[PDB]
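J.: This one's a deposited entry, sequence included:
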Amino acid sequence: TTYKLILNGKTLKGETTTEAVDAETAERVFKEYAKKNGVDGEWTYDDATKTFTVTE
């Protein structure tokens, strides 16, 4: 399933997607990506849109 990650902030702004079996797996990938790019913020997940939104 395709999951999306919306990054909103002063550190990095953008959107990336990942293919995973579930949201748990997708979240793992996205957390690794956010950390690698120096992003922290508050995370929200919306199941209806399979989207994670991170505010820095």
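T.: Received the coordinates, thanks. Numbering: from 1, shown residues only.
J.: Distance check, residue 52 against residue 37.
T.: Here the criterion is C-beta to C-beta, to the nearest Å. By it, residue 52 lies 14 Å from residue 37. Placement of C-beta: from N, CA and C, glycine included.
J.: again with residue 56
T.: Residue 56 is 11 Å from residue 37, by C-beta to C-beta.
J.: Comparing residue 52 and residue 37, which shows the higher neighbour count?
T.: Higher neighbour count among residue 52 and residue 37: residue 52, with 23 against 12, using other C-beta atoms under 10 Å.
J.: My guess is the more buried one contacts residue 5. True?
T.: Yes: if you go by C-beta atoms under 8 Å, residue 52 and residue 5 touch, sitting 4.8 Å apart.
J.: Report the set of residues contacting both of the two.
T.: residue 30 (C-beta atoms under 8 Å, 6 or more residues apart in numbering).
J.: Quickly list what's touching both of residue 56 and residue 37.
T.: 11-12.
J.: outside of the helix or strand where residue 35 lies, which residues touch it?
T.: For residue 35, the host element (DSSP states H and E) is helix 23-36. Under the criterion C-beta under 8 Å, 6+ apart, residues 1, 3, 5, 7, 16, 18, 20, 40-41, 45, 47, 50, 52, 54 lie in contact with helix 23-36.
J.: rerun at 7 Å
T.: 3, 5, 16, 18, 20, 45, 52, 54 (C-beta atoms under 7 Å, 6 or more residues apart in numbering).
J.: And those, which two are furthest apart?
T.: Farthest-apart pair in the contacts of helix 23-36 is 20 and 54; separation 16.7 Å (C-beta to C-beta).
J.: Tell me which of the two has more neighbours.
T.: Higher neighbour count among residue 20 and residue 54: residue 54, with 21 against 16, using other C-beta under 10 Å.
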